[PDB]
Amino acid sequence: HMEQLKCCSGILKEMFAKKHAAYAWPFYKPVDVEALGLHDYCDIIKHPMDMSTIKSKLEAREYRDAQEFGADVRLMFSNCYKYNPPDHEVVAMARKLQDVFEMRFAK
Ligand SMILES: CCNC(=O)c1cc2c(-c3cc(S(C)(=O)=O)ccc3Oc3ccc(F)cc3F)cn(C)c(=O)c2[nH]1
């Protein structure tokens with residue numbers, strides 16, 4: 001349970017790595033709804049999630065185990081698949097970052 005969270009820090013560190021930056025950047029920080037003019041985001045997405053928030057919750061020991069950490073990572077991608085049209089570029093970027101996550105998470 002607790003032994004798994006040090007692997008979670010390594011996964012998140014890998015997701016913030018420069019080799020993933022071309023597709024990972026939209027997930028580093030919360031969606032800036034004001035800068036993008038997305039007035040309905042908070043009405044559709046009840047639980048916003050991004051990599052910086054997950055890092056804060058992980059350092060605050062808010063995840064009991066890897067499953068709790070993985071649920072927030074998957075909430076981040078699901079928020080993206082739910083809010084956006086399926087053909088939007090951010091959805092293709094979310095799929096590439098999710099492959100990086102799923103690979104390290106399974107291993
Ligand atoms: C159809 C309505 N949807 C959106 O406009 C929308 C935007 C985002 C962003 C996002 C956030 C920022 S920021 C750092 O300024 O907060 C800047 C750019 C962003 O996305 C892109 C915008 C245009 C592109 F062509 C390619 C993008 F990647 C992140 N995520 C997780 C989303 O789900 C999302 N949806």
# chains A, B, ... in the order shown; residues from 1 in each chain; ligands from 1

call {"tool": "residues_near_ligand", "arguments": {"ligand": "ligand 1", "cutoff": "7 Å", "atoms": "only C-alpha atoms and all ligand atoms", "output": "list in words"}}
result
residues 26, 27, 29, 30, 31, 32, 33, 35, 36, 38, 79, 80, 83, 84, 85, 88, 89 and 90 of chain A

call {"tool": "write_last_selection", "arguments": {"atoms": "C-alpha atoms", "output": "tab-separated table (two decimals), in the first residue's frame"}}
result
chain	number	residue	atom	x	y	z
A	26	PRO	CA	-1.92	20.55	-21.39
A	27	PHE	CA	-2.00	18.41	-18.19
A	29	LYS	CA	-1.48	22.59	-14.58
A	30	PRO	CA	-5.23	23.23	-14.05
A	31	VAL	CA	-7.17	24.22	-17.20
A	32	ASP	CA	-7.01	28.05	-17.37
A	33	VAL	CA	-10.74	28.55	-18.11
A	35	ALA	CA	-7.60	32.56	-20.53
A	36	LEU	CA	-9.36	30.08	-22.86
A	38	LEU	CA	-14.30	28.18	-21.22
A	79	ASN	CA	-12.18	14.86	-17.67
A	80	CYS	CA	-10.41	15.52	-20.98
A	83	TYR	CA	-15.33	17.75	-21.88
A	84	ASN	CA	-13.76	17.90	-25.32
A	85	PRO	CA	-15.01	16.89	-28.80
A	88	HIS	CA	-9.89	17.92	-30.58
A	89	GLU	CA	-6.07	17.94	-30.49
A	90	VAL	CA	-5.97	17.83	-26.64

call {"tool": "closest_residue", "arguments": {"among": "A:82, A:103, A:5, A:98", "to": "residue 41 (chain A)", "atoms": "only C-alpha atoms"}}
result
A:82

call {"tool": "residues_around", "arguments": {"residues": "residue 72 (chain A)", "least_positions_apart": "5", "cutoff": "12 Å", "atoms": "only C-alpha atoms", "output": "PDB file with C-alpha atoms, in the first residue's frame"}}
result
ATOM      1  CA  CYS A   8       3.915   6.998  -7.938  1.00  0.00           C
ATOM      2  CA  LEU A  12       4.607  11.573 -12.126  1.00  0.00           C
ATOM      3  CA  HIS A  47     -13.725  17.316 -10.116  1.00  0.00           C
ATOM      4  CA  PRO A  48     -10.942  19.046 -12.107  1.00  0.00           C
ATOM      5  CA  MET A  49      -7.549  17.299 -11.932  1.00  0.00           C
ATOM      6  CA  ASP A  50      -4.065  17.967 -13.297  1.00  0.00           C
ATOM      7  CA  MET A  51      -0.479  16.735 -12.645  1.00  0.00           C
ATOM      8  CA  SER A  52       0.471  19.630 -10.305  1.00  0.00           C
ATOM      9  CA  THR A  53      -2.582  18.984  -8.102  1.00  0.00           C
ATOM     10  CA  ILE A  54      -1.796  15.215  -8.020  1.00  0.00           C
ATOM     11  CA  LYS A  55       1.835  16.025  -7.000  1.00  0.00           C
ATOM     12  CA  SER A  56       0.461  18.254  -4.138  1.00  0.00           C
ATOM     13  CA  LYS A  57      -1.945  15.525  -2.951  1.00  0.00           C
ATOM     14  CA  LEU A  58       0.825  12.888  -3.180  1.00  0.00           C
ATOM     15  CA  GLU A  62      -3.573  12.036   0.547  1.00  0.00           C
ATOM     16  CA  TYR A  63      -3.349   8.754  -1.449  1.00  0.00           C
ATOM     17  CA  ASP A  65      -1.999   3.488  -2.117  1.00  0.00           C
ATOM     18  CA  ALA A  66      -1.147   3.375  -5.880  1.00  0.00           C
ATOM     19  CA  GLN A  67      -4.808   2.683  -6.774  1.00  0.00           C
ATOM     20  CA  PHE A  77      -7.690  11.896 -18.649  1.00  0.00           C
ATOM     21  CA  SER A  78     -11.470  11.121 -18.298  1.00  0.00           C
ATOM     22  CA  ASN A  79     -12.175  14.864 -17.674  1.00  0.00           C
ATOM     23  CA  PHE A 101       1.192   6.574 -17.631  1.00  0.00           C
TER      24      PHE A 101
END

call {"tool": "atom_distance", "arguments": {"atom1": "CA of residue 42 (chain A)", "atom2": "CA of residue 87 (chain A)"}}
result
21.2 Å

call {"tool": "select_by_dssp", "arguments": {"residues": "chain A", "states": "helix (DSSP H, G or I)", "output": "JSON list (two decimals) with C-alpha atoms, in the first residue's frame"}}
result
[["chain", "number", "residue", "atom", "x", "y", "z"],
["A", 5, "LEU", "CA", 3.60, 5.66, -3.45],
["A", 6, "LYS", "CA", 7.38, 6.10, -4.01],
["A", 7, "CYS", "CA", 6.80, 4.45, -7.46],
["A", 8, "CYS", "CA", 3.91, 7.00, -7.94],
["A", 9, "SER", "CA", 6.35, 9.92, -7.49],
["A", 10, "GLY", "CA", 8.60, 8.31, -10.15],
["A", 11, "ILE", "CA", 5.64, 7.92, -12.57],
["A", 12, "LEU", "CA", 4.61, 11.57, -12.13],
["A", 13, "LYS", "CA", 8.27, 12.67, -12.51],
["A", 14, "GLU", "CA", 8.40, 10.68, -15.82],
["A", 15, "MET", "CA", 5.12, 12.37, -16.98],
["A", 18, "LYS", "CA", 10.92, 16.92, -21.44],
["A", 19, "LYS", "CA", 10.67, 13.93, -23.84],
["A", 20, "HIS", "CA", 6.89, 13.90, -23.17],
["A", 21, "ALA", "CA", 6.42, 17.75, -23.21],
["A", 22, "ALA", "CA", 4.97, 18.04, -26.78],
["A", 23, "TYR", "CA", 1.80, 16.17, -25.66],
["A", 24, "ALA", "CA", 1.97, 16.33, -21.81],
["A", 25, "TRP", "CA", 1.96, 20.17, -21.41],
["A", 26, "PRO", "CA", -1.92, 20.55, -21.39],
["A", 27, "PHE", "CA", -2.00, 18.41, -18.19],
["A", 33, "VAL", "CA", -10.74, 28.55, -18.11],
["A", 34, "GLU", "CA", -10.49, 32.37, -17.99],
["A", 35, "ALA", "CA", -7.60, 32.56, -20.53],
["A", 36, "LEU", "CA", -9.36, 30.08, -22.86],
["A", 41, "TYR", "CA", -15.90, 23.83, -17.78],
["A", 42, "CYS", "CA", -16.70, 23.85, -14.04],
["A", 43, "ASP", "CA", -20.40, 22.97, -14.86],
["A", 44, "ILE", "CA", -19.45, 19.78, -16.78],
["A", 51, "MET", "CA", -0.48, 16.74, -12.65],
["A", 52, "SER", "CA", 0.47, 19.63, -10.30],
["A", 53, "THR", "CA", -2.58, 18.98, -8.10],
["A", 54, "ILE", "CA", -1.80, 15.22, -8.02],
["A", 55, "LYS", "CA", 1.84, 16.03, -7.00],
["A", 56, "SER", "CA", 0.46, 18.25, -4.14],
["A", 57, "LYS", "CA", -1.95, 15.53, -2.95],
["A", 58, "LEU", "CA", 0.82, 12.89, -3.18],
["A", 59, "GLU", "CA", 3.32, 15.00, -1.14],
["A", 66, "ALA", "CA", -1.15, 3.37, -5.88],
["A", 67, "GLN", "CA", -4.81, 2.68, -6.77],
["A", 68, "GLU", "CA", -5.95, 5.98, -5.18],
["A", 69, "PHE", "CA", -3.12, 7.83, -7.05],
["A", 70, "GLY", "CA", -3.98, 6.06, -10.36],
["A", 71, "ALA", "CA", -7.67, 6.96, -9.91],
["A", 72, "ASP", "CA", -6.75, 10.72, -9.90],
["A", 73, "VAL", "CA", -4.50, 10.31, -12.96],
["A", 74, "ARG", "CA", -7.37, 8.55, -14.77],
["A", 75, "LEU", "CA", -9.87, 11.22, -13.58],
["A", 76, "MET", "CA", -7.55, 13.80, -15.28],
["A", 77, "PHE", "CA", -7.69, 11.90, -18.65],
["A", 78, "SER", "CA", -11.47, 11.12, -18.30],
["A", 79, "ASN", "CA", -12.18, 14.86, -17.67],
["A", 80, "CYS", "CA", -10.41, 15.52, -20.98],
["A", 81, "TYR", "CA", -12.33, 12.76, -22.88],
["A", 82, "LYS", "CA", -15.62, 13.98, -21.36],
["A", 83, "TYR", "CA", -15.33, 17.75, -21.88],
["A", 89, "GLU", "CA", -6.07, 17.94, -30.49],
["A", 90, "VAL", "CA", -5.97, 17.83, -26.64],
["A", 91, "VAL", "CA", -7.78, 14.38, -26.78],
["A", 92, "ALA", "CA", -5.03, 12.95, -29.02],
["A", 93, "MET", "CA", -2.44, 14.47, -26.59],
["A", 94, "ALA", "CA", -4.24, 12.90, -23.58],
["A", 95, "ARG", "CA", -4.06, 9.46, -25.29],
["A", 96, "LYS", "CA", -0.29, 9.78, -25.82],
["A", 97, "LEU", "CA", 0.28, 10.86, -22.20],
["A", 98, "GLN", "CA", -2.08, 8.10, -20.94],
["A", 99, "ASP", "CA", 0.07, 5.44, -22.82],
["A", 100, "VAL", "CA", 3.15, 6.73, -20.89],
["A", 101, "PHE", "CA", 1.19, 6.57, -17.63],
["A", 102, "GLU", "CA", -0.42, 3.11, -18.23],
["A", 103, "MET", "CA", 2.94, 1.55, -19.23],
["A", 104, "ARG", "CA", 4.85, 2.73, -16.11],
["A", 105, "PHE", "CA", 1.81, 2.18, -13.87],
["A", 106, "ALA", "CA", 1.42, -1.49, -14.94]]

call {"tool": "decode", "arguments": {"residues": "region 41-58 of chain A", "atoms": "N, CA, C and O atoms", "output": "PDB file, in the first residue's frame"}}
result
ATOM      1  N   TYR A  41     -16.754  24.943 -18.209  1.00  0.00           N
ATOM      2  CA  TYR A  41     -15.895  23.834 -17.782  1.00  0.00           C
ATOM      3  C   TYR A  41     -16.237  23.299 -16.390  1.00  0.00           C
ATOM      4  O   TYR A  41     -16.447  22.099 -16.230  1.00  0.00           O
ATOM      5  N   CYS A  42     -16.365  24.198 -15.410  1.00  0.00           N
ATOM      6  CA  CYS A  42     -16.699  23.849 -14.039  1.00  0.00           C
ATOM      7  C   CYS A  42     -18.156  23.289 -13.883  1.00  0.00           C
ATOM      8  O   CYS A  42     -18.450  22.584 -12.911  1.00  0.00           O
ATOM      9  N   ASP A  43     -19.038  23.525 -14.874  1.00  0.00           N
ATOM     10  CA  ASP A  43     -20.399  22.965 -14.857  1.00  0.00           C
ATOM     11  C   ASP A  43     -20.410  21.510 -15.337  1.00  0.00           C
ATOM     12  O   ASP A  43     -21.284  20.749 -14.944  1.00  0.00           O
ATOM     13  N   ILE A  44     -19.487  21.132 -16.226  1.00  0.00           N
ATOM     14  CA  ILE A  44     -19.451  19.779 -16.781  1.00  0.00           C
ATOM     15  C   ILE A  44     -18.478  18.882 -15.992  1.00  0.00           C
ATOM     16  O   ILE A  44     -18.797  17.733 -15.678  1.00  0.00           O
ATOM     17  N   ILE A  45     -17.312  19.439 -15.647  1.00  0.00           N
ATOM     18  CA  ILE A  45     -16.271  18.769 -14.901  1.00  0.00           C
ATOM     19  C   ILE A  45     -16.386  19.163 -13.432  1.00  0.00           C
ATOM     20  O   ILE A  45     -15.998  20.258 -13.028  1.00  0.00           O
ATOM     21  N   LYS A  46     -16.955  18.269 -12.641  1.00  0.00           N
ATOM     22  CA  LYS A  46     -17.173  18.477 -11.217  1.00  0.00           C
ATOM     23  C   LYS A  46     -15.898  18.353 -10.389  1.00  0.00           C
ATOM     24  O   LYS A  46     -15.779  18.985  -9.331  1.00  0.00           O
ATOM     25  N   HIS A  47     -14.964  17.512 -10.841  1.00  0.00           N
ATOM     26  CA  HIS A  47     -13.725  17.316 -10.116  1.00  0.00           C
ATOM     27  C   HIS A  47     -12.537  17.533 -11.055  1.00  0.00           C
ATOM     28  O   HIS A  47     -12.001  16.578 -11.601  1.00  0.00           O
ATOM     29  N   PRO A  48     -12.114  18.797 -11.248  1.00  0.00           N
ATOM     30  CA  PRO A  48     -10.942  19.046 -12.107  1.00  0.00           C
ATOM     31  C   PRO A  48      -9.694  18.390 -11.525  1.00  0.00           C
ATOM     32  O   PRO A  48      -9.557  18.295 -10.305  1.00  0.00           O
ATOM     33  N   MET A  49      -8.785  17.933 -12.394  1.00  0.00           N
ATOM     34  CA  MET A  49      -7.549  17.299 -11.932  1.00  0.00           C
ATOM     35  C   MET A  49      -6.445  17.528 -12.950  1.00  0.00           C
ATOM     36  O   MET A  49      -6.690  17.517 -14.154  1.00  0.00           O
ATOM     37  N   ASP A  50      -5.239  17.757 -12.465  1.00  0.00           N
ATOM     38  CA  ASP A  50      -4.065  17.967 -13.297  1.00  0.00           C
ATOM     39  C   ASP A  50      -2.865  17.409 -12.533  1.00  0.00           C
ATOM     40  O   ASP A  50      -2.988  17.111 -11.348  1.00  0.00           O
ATOM     41  N   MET A  51      -1.721  17.285 -13.193  1.00  0.00           N
ATOM     42  CA  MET A  51      -0.479  16.735 -12.645  1.00  0.00           C
ATOM     43  C   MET A  51       0.076  17.497 -11.446  1.00  0.00           C
ATOM     44  O   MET A  51       0.583  16.864 -10.514  1.00  0.00           O
ATOM     45  N   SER A  52       0.001  18.838 -11.452  1.00  0.00           N
ATOM     46  CA  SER A  52       0.471  19.630 -10.305  1.00  0.00           C
ATOM     47  C   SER A  52      -0.369  19.375  -9.064  1.00  0.00           C
ATOM     48  O   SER A  52       0.193  19.191  -7.982  1.00  0.00           O
ATOM     49  N   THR A  53      -1.693  19.272  -9.221  1.00  0.00           N
ATOM     50  CA  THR A  53      -2.582  18.984  -8.102  1.00  0.00           C
ATOM     51  C   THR A  53      -2.321  17.597  -7.546  1.00  0.00           C
ATOM     52  O   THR A  53      -2.295  17.438  -6.329  1.00  0.00           O
ATOM     53  N   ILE A  54      -2.088  16.595  -8.437  1.00  0.00           N
ATOM     54  CA  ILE A  54      -1.796  15.215  -8.020  1.00  0.00           C
ATOM     55  C   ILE A  54      -0.487  15.171  -7.248  1.00  0.00           C
ATOM     56  O   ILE A  54      -0.416  14.483  -6.245  1.00  0.00           O
ATOM     57  N   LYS A  55       0.545  15.908  -7.706  1.00  0.00           N
ATOM     58  CA  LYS A  55       1.835  16.025  -7.000  1.00  0.00           C
ATOM     59  C   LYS A  55       1.627  16.607  -5.577  1.00  0.00           C
ATOM     60  O   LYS A  55       2.222  16.103  -4.615  1.00  0.00           O
ATOM     61  N   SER A  56       0.772  17.645  -5.447  1.00  0.00           N
ATOM     62  CA  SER A  56       0.461  18.254  -4.138  1.00  0.00           C
ATOM     63  C   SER A  56      -0.252  17.262  -3.225  1.00  0.00           C
ATOM     64  O   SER A  56       0.099  17.159  -2.046  1.00  0.00           O
ATOM     65  N   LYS A  57      -1.230  16.508  -3.766  1.00  0.00           N
ATOM     66  CA  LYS A  57      -1.945  15.525  -2.951  1.00  0.00           C
ATOM     67  C   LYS A  57      -1.032  14.365  -2.541  1.00  0.00           C
ATOM     68  O   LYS A  57      -1.121  13.876  -1.422  1.00  0.00           O
ATOM     69  N   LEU A  58      -0.130  13.957  -3.429  1.00  0.00           N
ATOM     70  CA  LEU A  58       0.825  12.888  -3.180  1.00  0.00           C
ATOM     71  C   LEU A  58       1.824  13.308  -2.084  1.00  0.00           C
ATOM     72  O   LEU A  58       2.051  12.545  -1.154  1.00  0.00           O
TER      73      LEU A  58
END
